[PDB]
Each structure stands twice: as structure tokens, then as C-alpha cells.
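Raw contents of final_27.txt, compact mmCIF, C-alpha atoms and all ligand atoms:
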```txt
# COMPACT_ATOMS: atom_id res chain seq x y z
CA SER A 27 -123.40 -176.61 -37.16
CA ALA A 28 -125.68 -173.58 -36.77
CA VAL A 29 -123.84 -172.66 -33.57
CA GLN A 30 -120.52 -173.04 -35.40
CA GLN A 31 -121.75 -170.72 -38.15
CA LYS A 32 -123.14 -168.08 -35.77
CA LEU A 33 -119.94 -168.03 -33.74
CA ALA A 34 -117.97 -167.66 -36.97
CA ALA A 35 -120.21 -164.74 -37.99
CA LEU A 36 -119.83 -163.11 -34.56
CA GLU A 37 -116.06 -163.43 -34.82
CA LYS A 38 -116.13 -162.03 -38.37
CA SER A 39 -118.11 -159.01 -37.23
CA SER A 40 -115.85 -158.60 -34.19
CA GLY A 41 -112.62 -157.93 -36.08
CA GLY A 42 -110.76 -160.36 -33.84
CA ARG A 43 -110.17 -164.00 -32.97
CA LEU A 44 -112.77 -165.79 -30.83
CA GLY A 45 -112.39 -169.04 -28.93
CA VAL A 46 -115.28 -170.84 -27.26
CA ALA A 47 -115.56 -174.13 -25.43
CA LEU A 48 -118.81 -175.32 -23.87
CA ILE A 49 -119.18 -178.52 -21.88
CA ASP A 50 -122.74 -179.63 -21.12
CA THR A 51 -122.35 -181.93 -18.11
CA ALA A 52 -125.92 -183.21 -18.52
CA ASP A 53 -124.51 -185.36 -21.33
CA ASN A 54 -120.84 -184.21 -21.68
CA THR A 55 -121.63 -182.70 -25.09
CA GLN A 56 -119.13 -180.10 -26.25
CA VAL A 57 -119.28 -177.04 -28.46
CA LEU A 59 -115.95 -175.74 -29.79
CA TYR A 60 -114.97 -172.69 -31.82
CA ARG A 61 -111.20 -172.42 -32.28
CA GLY A 62 -111.22 -174.76 -29.29
CA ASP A 63 -107.66 -175.99 -29.83
CA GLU A 64 -106.07 -172.59 -30.59
CA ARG A 65 -104.07 -170.91 -27.85
CA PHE A 66 -105.28 -167.67 -26.32
CA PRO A 67 -103.72 -165.50 -23.61
CA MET A 68 -105.46 -166.31 -20.35
CA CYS A 69 -104.71 -162.99 -18.60
CA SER A 70 -106.59 -162.77 -15.28
CA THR A 71 -108.46 -166.03 -15.88
CA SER A 72 -105.22 -167.81 -14.98
CA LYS A 73 -105.89 -166.66 -11.43
CA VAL A 74 -108.41 -169.50 -11.13
CA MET A 75 -105.62 -172.04 -11.52
CA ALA A 76 -103.38 -170.23 -9.06
CA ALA A 77 -106.09 -170.03 -6.41
CA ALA A 78 -107.02 -173.66 -7.00
CA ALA A 79 -103.37 -174.59 -6.64
CA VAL A 80 -103.17 -172.91 -3.27
CA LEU A 81 -106.39 -174.65 -2.32
CA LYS A 82 -104.72 -177.91 -3.29
CA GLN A 83 -101.76 -177.01 -1.07
CA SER A 84 -104.21 -176.37 1.74
CA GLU A 85 -105.39 -179.98 1.55
CA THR A 86 -102.08 -181.07 3.08
CA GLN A 87 -101.43 -177.96 5.18
CA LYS A 88 -104.40 -177.43 7.48
CA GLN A 89 -103.78 -173.84 8.45
CA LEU A 90 -102.28 -172.66 5.18
CA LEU A 91 -105.20 -170.53 4.08
CA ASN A 92 -104.99 -168.63 7.39
CA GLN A 93 -101.25 -168.09 7.11
CA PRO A 94 -100.48 -164.35 7.10
CA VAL A 95 -98.61 -162.85 4.13
CA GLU A 96 -96.78 -159.52 4.36
CA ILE A 97 -98.01 -156.91 1.85
CA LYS A 98 -95.23 -154.46 1.11
CA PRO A 99 -95.45 -151.15 -0.78
CA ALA A 100 -93.11 -152.60 -3.42
CA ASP A 101 -95.46 -155.53 -4.00
CA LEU A 102 -98.13 -153.37 -5.62
CA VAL A 103 -98.40 -153.69 -9.40
CA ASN A 104 -100.90 -152.29 -11.87
CA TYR A 105 -104.25 -153.24 -10.31
CA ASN A 106 -104.44 -153.86 -6.57
CA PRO A 107 -107.85 -152.64 -5.40
CA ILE A 108 -107.73 -154.81 -2.28
CA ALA A 109 -104.01 -155.18 -1.59
CA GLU A 110 -103.41 -151.42 -1.31
CA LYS A 111 -105.60 -151.41 1.79
CA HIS A 112 -103.16 -153.84 3.46
CA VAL A 113 -99.72 -152.65 2.38
CA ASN A 114 -97.38 -152.46 5.37
CA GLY A 115 -99.91 -154.90 6.79
CA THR A 116 -100.87 -158.50 6.20
CA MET A 117 -103.41 -160.55 4.28
CA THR A 118 -104.14 -164.21 4.72
CA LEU A 119 -103.78 -166.55 1.76
CA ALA A 120 -107.55 -166.99 1.89
CA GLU A 121 -108.02 -163.22 1.64
CA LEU A 122 -105.46 -163.08 -1.16
CA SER A 123 -107.23 -165.88 -3.05
CA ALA A 124 -110.58 -164.13 -2.64
CA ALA A 125 -109.13 -160.79 -3.74
CA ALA A 126 -107.51 -162.39 -6.80
CA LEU A 127 -110.63 -164.27 -7.88
CA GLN A 128 -113.44 -161.88 -6.96
CA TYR A 129 -111.77 -158.49 -7.47
CA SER A 130 -108.99 -159.58 -9.83
CA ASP A 131 -106.36 -158.00 -7.57
CA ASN A 132 -103.02 -158.43 -9.32
CA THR A 133 -100.90 -158.15 -6.16
CA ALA A 134 -102.98 -160.93 -4.62
CA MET A 135 -102.37 -163.03 -7.73
CA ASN A 136 -98.63 -162.42 -7.38
CA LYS A 137 -98.80 -163.53 -3.75
CA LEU A 138 -100.59 -166.71 -4.82
CA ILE A 139 -97.93 -167.29 -7.48
CA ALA A 140 -95.16 -166.77 -4.91
CA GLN A 141 -96.86 -169.18 -2.51
CA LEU A 142 -96.57 -171.81 -5.26
CA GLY A 143 -92.90 -171.12 -5.96
CA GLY A 144 -93.38 -169.02 -9.07
CA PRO A 145 -95.32 -169.48 -12.33
CA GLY A 146 -93.90 -172.96 -12.87
CA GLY A 147 -95.65 -174.04 -9.68
CA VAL A 148 -99.01 -173.04 -11.17
CA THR A 149 -98.14 -174.91 -14.34
CA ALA A 150 -97.09 -177.88 -12.20
CA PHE A 151 -100.50 -177.87 -10.51
CA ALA A 152 -102.15 -177.79 -13.94
CA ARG A 153 -100.07 -180.81 -14.90
CA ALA A 154 -100.98 -182.55 -11.64
CA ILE A 155 -104.72 -182.24 -12.38
CA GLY A 156 -104.36 -183.49 -15.96
CA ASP A 157 -104.12 -180.19 -17.88
CA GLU A 158 -101.34 -180.61 -20.43
CA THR A 159 -102.05 -177.32 -22.27
CA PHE A 160 -102.09 -174.63 -19.56
CA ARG A 161 -98.80 -172.84 -19.07
CA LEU A 162 -98.09 -169.97 -16.70
CA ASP A 163 -94.76 -168.33 -17.45
CA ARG A 164 -94.75 -164.84 -15.92
CA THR A 165 -96.11 -162.96 -12.93
CA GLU A 166 -98.41 -159.96 -12.92
CA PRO A 167 -98.50 -157.68 -14.83
CA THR A 168 -96.41 -158.99 -17.75
CA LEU A 169 -98.43 -162.19 -18.15
CA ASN A 170 -101.06 -159.96 -19.85
CA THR A 171 -98.99 -158.89 -22.88
CA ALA A 172 -101.20 -161.17 -25.01
CA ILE A 173 -98.88 -160.92 -28.02
CA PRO A 174 -100.19 -162.82 -31.08
CA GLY A 175 -98.36 -166.09 -31.58
CA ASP A 176 -96.76 -165.98 -28.11
CA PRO A 177 -97.42 -169.25 -26.22
CA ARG A 178 -96.53 -167.82 -22.80
CA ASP A 179 -99.44 -167.55 -20.35
CA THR A 180 -101.82 -169.21 -22.80
CA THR A 181 -104.25 -172.06 -22.91
CA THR A 182 -106.90 -173.34 -25.26
CA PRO A 183 -110.66 -173.01 -24.76
CA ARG A 184 -111.07 -176.80 -24.67
CA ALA A 185 -108.34 -177.33 -22.08
CA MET A 186 -109.58 -174.49 -19.89
CA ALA A 187 -113.16 -175.76 -20.04
CA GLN A 188 -112.16 -179.29 -19.06
CA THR A 189 -109.90 -177.97 -16.29
CA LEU A 190 -112.53 -175.59 -14.93
CA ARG A 191 -114.99 -178.49 -14.85
CA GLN A 192 -112.51 -180.65 -12.95
CA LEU A 193 -111.84 -177.85 -10.47
CA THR A 194 -115.43 -176.74 -9.82
CA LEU A 195 -117.55 -179.81 -10.63
CA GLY A 196 -115.05 -182.69 -10.59
CA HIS A 197 -112.61 -183.91 -7.97
CA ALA A 198 -109.34 -182.17 -8.84
CA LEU A 199 -109.81 -180.52 -5.43
CA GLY A 200 -111.10 -181.91 -2.17
CA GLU A 201 -114.77 -181.35 -1.43
CA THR A 202 -114.22 -178.42 0.94
CA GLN A 203 -111.66 -176.85 -1.39
CA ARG A 204 -113.93 -177.33 -4.40
CA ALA A 205 -116.77 -175.69 -2.46
CA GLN A 206 -114.55 -172.78 -1.47
CA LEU A 207 -113.44 -172.30 -5.09
CA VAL A 208 -117.05 -172.32 -6.30
CA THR A 209 -118.03 -169.89 -3.54
CA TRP A 210 -115.25 -167.55 -4.65
CA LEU A 211 -116.22 -167.78 -8.33
CA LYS A 212 -119.89 -167.14 -7.56
CA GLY A 213 -118.94 -163.96 -5.70
CA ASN A 214 -116.99 -162.46 -8.60
CA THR A 215 -117.63 -158.75 -8.94
CA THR A 216 -116.29 -158.29 -12.48
CA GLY A 217 -118.35 -160.69 -14.56
CA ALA A 218 -121.75 -159.11 -15.24
CA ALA A 219 -120.81 -157.71 -18.67
CA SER A 220 -119.26 -160.92 -20.04
CA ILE A 221 -120.66 -164.49 -20.25
CA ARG A 222 -123.32 -163.65 -17.67
CA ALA A 223 -124.73 -160.87 -19.86
CA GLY A 224 -125.45 -163.42 -22.60
CA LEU A 225 -127.26 -165.89 -20.33
CA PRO A 226 -130.81 -165.84 -18.92
CA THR A 227 -130.99 -163.87 -15.67
CA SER A 228 -132.31 -166.88 -13.72
CA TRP A 229 -129.07 -168.86 -14.21
CA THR A 230 -126.46 -168.76 -11.48
CA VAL A 231 -122.94 -168.07 -12.72
CA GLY A 232 -119.56 -168.24 -11.12
CA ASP A 233 -116.90 -166.88 -13.37
CA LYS A 234 -113.53 -165.21 -13.72
CA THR A 235 -112.95 -162.51 -16.32
CA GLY A 236 -109.69 -161.31 -17.73
CA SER A 237 -108.36 -158.69 -20.03
CA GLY A 238 -105.08 -157.66 -21.50
CA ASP A 240 -103.26 -156.02 -24.35
CA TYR A 241 -104.42 -156.58 -27.93
CA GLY A 242 -107.92 -155.93 -26.66
CA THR A 243 -107.81 -159.32 -24.98
CA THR A 244 -111.15 -160.03 -23.35
CA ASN A 245 -111.71 -163.34 -21.58
CA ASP A 246 -114.21 -165.07 -19.37
CA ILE A 247 -114.42 -168.57 -17.94
CA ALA A 248 -117.59 -169.62 -16.18
CA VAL A 249 -119.34 -172.50 -14.51
CA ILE A 250 -123.05 -171.97 -15.14
CA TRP A 251 -125.98 -173.48 -13.24
CA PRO A 252 -129.01 -173.08 -15.53
CA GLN A 254 -132.41 -173.14 -13.89
CA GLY A 255 -133.54 -176.76 -13.76
CA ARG A 256 -130.61 -178.23 -15.72
CA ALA A 257 -127.24 -179.78 -14.96
CA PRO A 258 -124.31 -177.32 -14.96
CA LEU A 259 -122.37 -176.04 -17.95
CA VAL A 260 -118.75 -174.98 -18.29
CA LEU A 261 -118.18 -172.14 -20.75
CA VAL A 262 -114.85 -170.58 -21.76
CA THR A 263 -114.97 -167.54 -24.06
CA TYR A 264 -111.60 -166.08 -25.07
CA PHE A 265 -111.23 -163.13 -27.41
CA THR A 266 -108.25 -161.20 -28.72
CA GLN A 267 -107.80 -158.60 -31.42
CA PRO A 268 -105.13 -157.76 -33.99
CA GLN A 269 -103.83 -154.46 -32.62
CA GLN A 270 -102.22 -153.99 -29.23
CA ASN A 271 -104.24 -150.92 -28.20
CA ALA A 272 -107.65 -152.40 -29.02
CA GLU A 273 -110.48 -151.72 -26.57
CA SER A 274 -112.01 -154.51 -24.50
CA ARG A 275 -114.91 -156.42 -26.08
CA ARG A 276 -116.99 -157.97 -23.29
CA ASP A 277 -120.04 -157.61 -25.55
CA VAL A 278 -118.44 -160.26 -27.77
CA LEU A 279 -118.22 -162.65 -24.84
CA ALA A 280 -121.86 -161.90 -24.03
CA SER A 281 -122.82 -162.55 -27.68
CA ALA A 282 -120.95 -165.85 -27.68
CA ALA A 283 -122.77 -166.79 -24.48
CA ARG A 284 -126.08 -165.89 -26.11
CA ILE A 285 -125.31 -168.12 -29.11
CA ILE A 286 -124.21 -170.99 -26.84
CA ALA A 287 -127.22 -170.53 -24.57
CA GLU A 288 -129.68 -170.60 -27.44
CA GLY A 289 -128.72 -174.07 -28.58
CA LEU A 290 -129.07 -175.53 -25.04
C1 LIG B 301 -106.76 -159.50 -15.55
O1 LIG B 301 -107.19 -159.79 -16.66
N1 LIG B 301 -106.46 -158.25 -15.15
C2 LIG B 301 -106.36 -157.87 -13.74
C3 LIG B 301 -107.60 -157.01 -13.49
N2 LIG B 301 -108.81 -157.79 -13.87
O2 LIG B 301 -109.29 -157.82 -15.23
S1 LIG B 301 -110.88 -158.15 -15.30
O3 LIG B 301 -111.48 -157.20 -14.38
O4 LIG B 301 -111.20 -157.92 -16.69
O5 LIG B 301 -110.96 -159.53 -14.88
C4 LIG B 301 -107.32 -155.74 -14.29
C5 LIG B 301 -107.31 -156.01 -15.79
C6 LIG B 301 -106.38 -157.17 -16.15
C7 LIG B 301 -104.94 -156.63 -16.26
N3 LIG B 301 -104.80 -155.32 -16.15
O6 LIG B 301 -104.00 -157.40 -16.41
```
Represent the supplied structure as C-alpha cells.
Ligand SMILES: *C(=O)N1C[C@H](NOS(=O)(=O)O)CC[C@H]1C(N)=O
Amino acid sequence: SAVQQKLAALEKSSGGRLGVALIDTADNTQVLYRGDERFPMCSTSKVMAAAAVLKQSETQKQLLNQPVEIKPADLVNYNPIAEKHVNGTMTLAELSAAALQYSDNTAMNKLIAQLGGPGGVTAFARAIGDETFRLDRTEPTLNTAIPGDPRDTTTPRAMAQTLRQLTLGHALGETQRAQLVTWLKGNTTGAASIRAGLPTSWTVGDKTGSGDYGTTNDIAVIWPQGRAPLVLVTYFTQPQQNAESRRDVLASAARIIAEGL
């Protein structure tokens, strides 16, 4: 109840809409704030897409090594890794790593194309028991984050359960799960978000996202020192389209969640 009140006060002082889902896998206890409201996933959807290609690699041995042609025309709005390889090639493993750890949008589009389009990512979500996730568009338009728009959205509760199944459960094979966790732990973009609200001694693997309407997201699997892991989804979006990012709000939500643990 105190956590519910503090998250409501944080949201009230934030000027936006905050969604939080915590799963404590020590006892499966949950904490939800707007946990069943939809939020635009933005770059956090990349987790699903990479996991889906990892799932494909369970029945294609050499799929993650398969070269993919990077063309000049493939570049979109944020391609910090892919631009080095245009007119060249990247493997699907490199593309997955670039998408997850550097949030390369061209790499995400290559992952999406490897799955047959956004519906293939949604189909993977359905195949691992996620009924809420929907991916509808490619990069960059999946980040429009328009209020009330269900496209490219999920709920905090669904994303927390799914992230647990992908990183801690058995939605993926053991090697694929380990690769996904390795990728998440090497994220370069997460230090200002959930991780900033957690004690420094805790290991975090996470994927951030941001979009229009000041949309500021983070999804994390957290290994606290000396405790079983947590799954924490913090989604945040604001009323006006041009709003600035608010990673401090994600950090504050993580601090509130962390303090009740
Ligand atoms: C995903 O949210 N995006 C791709 C890339 N990464 O964002 S993050 O660094 O906040 O994870 C650029 C921002 C954003 C986008 N432009 O769509």
C-alpha cells in the first residue's frame, strides 16, 4: 500500500502516466502500478524481437551466423552500429546485439524482417504465452507513442511476466536464454533508468526505450546482492508529443520498488 501511494505521488509530480510491474521471484510476489494499462513499448520491444530470433535459432543451428546485407537505404533514425556496415554485412547475432545493447534501429528492423514482419514478433509473443504484446510497425514509426493507440503497446504486468519467462524461465532454450541475458547485461543505455534507482551492488540487465510524448521506458531483470532475481518494468509517457525524456522518473520508481524489497 505504501509503495502504491509513493508511486502514485511520483506519477503525480511527474506530469505523466507511470506504469510499473515488479515480480519478486524469491516468492513470486508482484507490485503493480497501472499494471494492466497499455503503454508504448518503443525500443523495449527489441527484447521480444531478439528473443524471437533466438527462438528461431533453436531449430536453425547456423542462423545466428547467417550474414545479412546492410544497404544504405536500410538506415533509419538511429543506427549507431549499422552505419559502420552499410554496403557490407552483419550477422543476425551482431544485429541482435546491436539492437539490444546499442538500441540500433536498423538492426531491430533486420530482426523484424528475419521474423517476417511485426506480426512475426507478435506471433512469437503468442507462442510464449504473452497475449497482450502486439508489434504492429517497424522502426521508426513504432515509436509514435500516441495516447490511446494500442499499436506497439503492452502492459507492465505482461511485459514483466514475459521478460521473466525469457530471461529466467524456459521460453527459450538454455543457451538462447543465456545469450539473451548476456546481451541484456551488456546494455550501454541503461545507467540512467531503473539501474540508477537500485543499489550499485546489484547486477542489472535491461533494455531502455524512448519515443514521442516523452515516452521513457525500461525493462530489467535485476540480480540483487544475495537475493533471488527480480523483474522490473517501468513505463512512462507524458501528455504532450514534444515532452522531454524522463529517465529520472524510472530511476525514482526503481528506488521506490527497491526500498520495499
Ligand atoms: C528506442 O526506444 N529507440 C531507439 C534508440 N534507443 O532508445 S534508448 O536509447 O532510450 O533505448 C533511440 C531512441 C528510440 C527511438 N528513437 O525510437
Original post:
Of the residues A:67, A:258, A:107, A:242, which is the one nearest to residue 180 of chain A, using only C-alpha atoms?
Top reply: A:67
Please identify every residue of chain A that has at least one atom no farther than 8 Å from an atom of ligand LIG 301 (chain B), counting all atoms listed in the file, and for each give the shortest atom pair and the distance in Å to one decimal, arranged by chain then increasing number, as a Markdown table.
```
| residue | atom | partner | partner_atom | distance |
| --- | --- | --- | --- | --- |
| A:68 | CA | B:LIG301 | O1 | 7.7 |
| A:69 | CA | B:LIG301 | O1 | 4.5 |
| A:70 | CA | B:LIG301 | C1 | 3.3 |
| A:71 | CA | B:LIG301 | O1 | 6.4 |
| A:104 | CA | B:LIG301 | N3 | 6.5 |
| A:105 | CA | B:LIG301 | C4 | 5.6 |
| A:129 | CA | B:LIG301 | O3 | 7.0 |
| A:130 | CA | B:LIG301 | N2 | 4.4 |
| A:131 | CA | B:LIG301 | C3 | 6.1 |
| A:132 | CA | B:LIG301 | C2 | 5.6 |
| A:166 | CA | B:LIG301 | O6 | 7.1 |
| A:167 | CA | B:LIG301 | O6 | 5.7 |
| A:168 | CA | B:LIG301 | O6 | 7.9 |
| A:169 | CA | B:LIG301 | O6 | 7.5 |
| A:170 | CA | B:LIG301 | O6 | 5.2 |
| A:216 | CA | B:LIG301 | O3 | 5.3 |
| A:217 | CA | B:LIG301 | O5 | 7.5 |
| A:234 | CA | B:LIG301 | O5 | 6.3 |
| A:235 | CA | B:LIG301 | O5 | 3.9 |
| A:236 | CA | B:LIG301 | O1 | 3.1 |
| A:237 | CA | B:LIG301 | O1 | 3.7 |
| A:238 | CA | B:LIG301 | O6 | 5.2 |
| A:244 | CA | B:LIG301 | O4 | 7.0 |
| A:245 | CA | B:LIG301 | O4 | 7.3 |
| A:246 | CA | B:LIG301 | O5 | 7.8 |
```
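Restricting the calculation to all atoms listed in the file, the smallest distance between residue 34 of chain A and any of A:111, A:252, A:119, A:59 is found for A:59.
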Would you kindly return, as a short mmCIF file (atom, residue, chain, number, x, y, z; two decimals) with C-alpha atoms, keeping the file's coordinate frame, each protein, DNA or RNA residue with an atom no farther than 10 Å from any atom of residue 99 of chain A, considering only C-alpha atoms and excluding same-chain residues fewer than 5 positions away?
```cif
data_model
loop_
_atom_site.label_atom_id
_atom_site.label_comp_id
_atom_site.auth_asym_id
_atom_site.auth_seq_id
_atom_site.Cartn_x
_atom_site.Cartn_y
_atom_site.Cartn_z
CA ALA A 109 -104.01 -155.18 -1.59
CA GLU A 110 -103.41 -151.42 -1.31
CA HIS A 112 -103.16 -153.84 3.46
CA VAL A 113 -99.72 -152.65 2.38
CA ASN A 114 -97.38 -152.46 5.37
CA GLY A 115 -99.91 -154.90 6.79
#
```
At a cut-off of 12 Å, using only C-alpha atoms, what residues contact residue 165 of chain A? Leave out same-chain residues fewer than 3 positions from it and give the result as a PDB file with C-alpha atoms, keeping the file's coordinate frame.
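What follows is the written file out_14.pdb:
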```
ATOM      1  CA  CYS A  69    -104.710-162.990 -18.600  1.00  0.00           C
ATOM      2  CA  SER A  70    -106.590-162.770 -15.280  1.00  0.00           C
ATOM      3  CA  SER A  72    -105.220-167.810 -14.980  1.00  0.00           C
ATOM      4  CA  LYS A  73    -105.890-166.660 -11.430  1.00  0.00           C
ATOM      5  CA  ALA A  76    -103.380-170.230  -9.060  1.00  0.00           C
ATOM      6  CA  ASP A 101     -95.460-155.530  -4.000  1.00  0.00           C
ATOM      7  CA  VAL A 103     -98.400-153.690  -9.400  1.00  0.00           C
ATOM      8  CA  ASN A 104    -100.900-152.290 -11.870  1.00  0.00           C
ATOM      9  CA  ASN A 132    -103.020-158.430  -9.320  1.00  0.00           C
ATOM     10  CA  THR A 133    -100.900-158.150  -6.160  1.00  0.00           C
ATOM     11  CA  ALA A 134    -102.980-160.930  -4.620  1.00  0.00           C
ATOM     12  CA  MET A 135    -102.370-163.030  -7.730  1.00  0.00           C
ATOM     13  CA  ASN A 136     -98.630-162.420  -7.380  1.00  0.00           C
ATOM     14  CA  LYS A 137     -98.800-163.530  -3.750  1.00  0.00           C
ATOM     15  CA  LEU A 138    -100.590-166.710  -4.820  1.00  0.00           C
ATOM     16  CA  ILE A 139     -97.930-167.290  -7.480  1.00  0.00           C
ATOM     17  CA  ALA A 140     -95.160-166.770  -4.910  1.00  0.00           C
ATOM     18  CA  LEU A 142     -96.570-171.810  -5.260  1.00  0.00           C
ATOM     19  CA  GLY A 143     -92.900-171.120  -5.960  1.00  0.00           C
ATOM     20  CA  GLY A 144     -93.380-169.020  -9.070  1.00  0.00           C
ATOM     21  CA  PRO A 145     -95.320-169.480 -12.330  1.00  0.00           C
ATOM     22  CA  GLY A 146     -93.900-172.960 -12.870  1.00  0.00           C
ATOM     23  CA  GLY A 147     -95.650-174.040  -9.680  1.00  0.00           C
ATOM     24  CA  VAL A 148     -99.010-173.040 -11.170  1.00  0.00           C
ATOM     25  CA  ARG A 161     -98.800-172.840 -19.070  1.00  0.00           C
ATOM     26  CA  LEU A 162     -98.090-169.970 -16.700  1.00  0.00           C
ATOM     27  CA  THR A 168     -96.410-158.990 -17.750  1.00  0.00           C
ATOM     28  CA  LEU A 169     -98.430-162.190 -18.150  1.00  0.00           C
ATOM     29  CA  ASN A 170    -101.060-159.960 -19.850  1.00  0.00           C
ATOM     30  CA  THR A 171     -98.990-158.890 -22.880  1.00  0.00           C
ATOM     31  CA  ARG A 178     -96.530-167.820 -22.800  1.00  0.00           C
ATOM     32  CA  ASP A 179     -99.440-167.550 -20.350  1.00  0.00           C
TER      33      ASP A 179
END
```
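Pairwise distance (atom CA of residue 163 of chain A, atom CA of residue 149 of chain A) equals 8.0 Å.
If you count only C-alpha atoms and ignore residues fewer than 4 places along the chain from residue 42 of chain A, what sits within 12 Å of it is residues 33, 34, 35, 36, 37, 38, 66, 174, 241, 242, 243, 244, 264, 265, 266, 267, 268, 269, 270, 272, 273, 274, 275, 278 and 279 of chain A.
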Subject >> Polymer residues at most 12 Å from residue 56 of chain A, all atoms listed in the file, same-chain spacing of 2 or more positions, as JSON, numbers by chain >> reply: {"A": [29, 30, 46, 47, 48, 49, 50, 51, 52, 53, 54, 59, 60, 62, 183, 184, 185, 187, 188, 259, 260, 261, 262, 286, 289, 290]}
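In this model, the gap between atom CA of residue 75 of chain A and atom CA of residue 228 of chain A comes to 27.3 Å.
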**OP:** Please check which residues have atoms at most 6 Å from (-104.3, -175.6, -14.2) in the file's coordinates, counting all atoms listed in the file, and write them as a ChimeraX atom specification.
**Re:** /A:75,151-152,157,160
Next, dump the selected residues to file, keeping only C-alpha atoms, as a tab-separated table (two decimals), in the coordinates of the input.
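Contents of part_26.tsv, as written:
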```tsv
chain	number	residue	atom	x	y	z
A	75	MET	CA	-105.62	-172.04	-11.52
A	151	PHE	CA	-100.50	-177.87	-10.51
A	152	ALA	CA	-102.15	-177.79	-13.94
A	157	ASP	CA	-104.12	-180.19	-17.88
A	160	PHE	CA	-102.09	-174.63	-19.56
```
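Excluding residue 199 of chain A itself and same-chain residues fewer than 4 positions from it, the residues having an atom within 12 Å of it are residues 75, 77, 78, 79, 80, 81, 82, 83, 84, 85, 86, 151, 152, 154, 155, 189, 190, 191, 192, 193, 194, 195, 203, 204, 205, 206, 207 and 208 of chain A, counting only C-alpha atoms.
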**OP:** Would you work out the distance separating atom CA of residue 276 of chain A from atom CA of residue 263 of chain A, expressed in Å to one decimal?
**Re:** 9.8 Å
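For the set A:221, A:173, A:90, A:95, the residue with the smallest atom-to-atom gap to residue 284 of chain A is A:221, counting only C-alpha atoms.
In terms of minimum interatomic distance to residue 57 of chain A, A:285 ranks closest within A:210, A:218, A:285, A:232, counting only C-alpha atoms.
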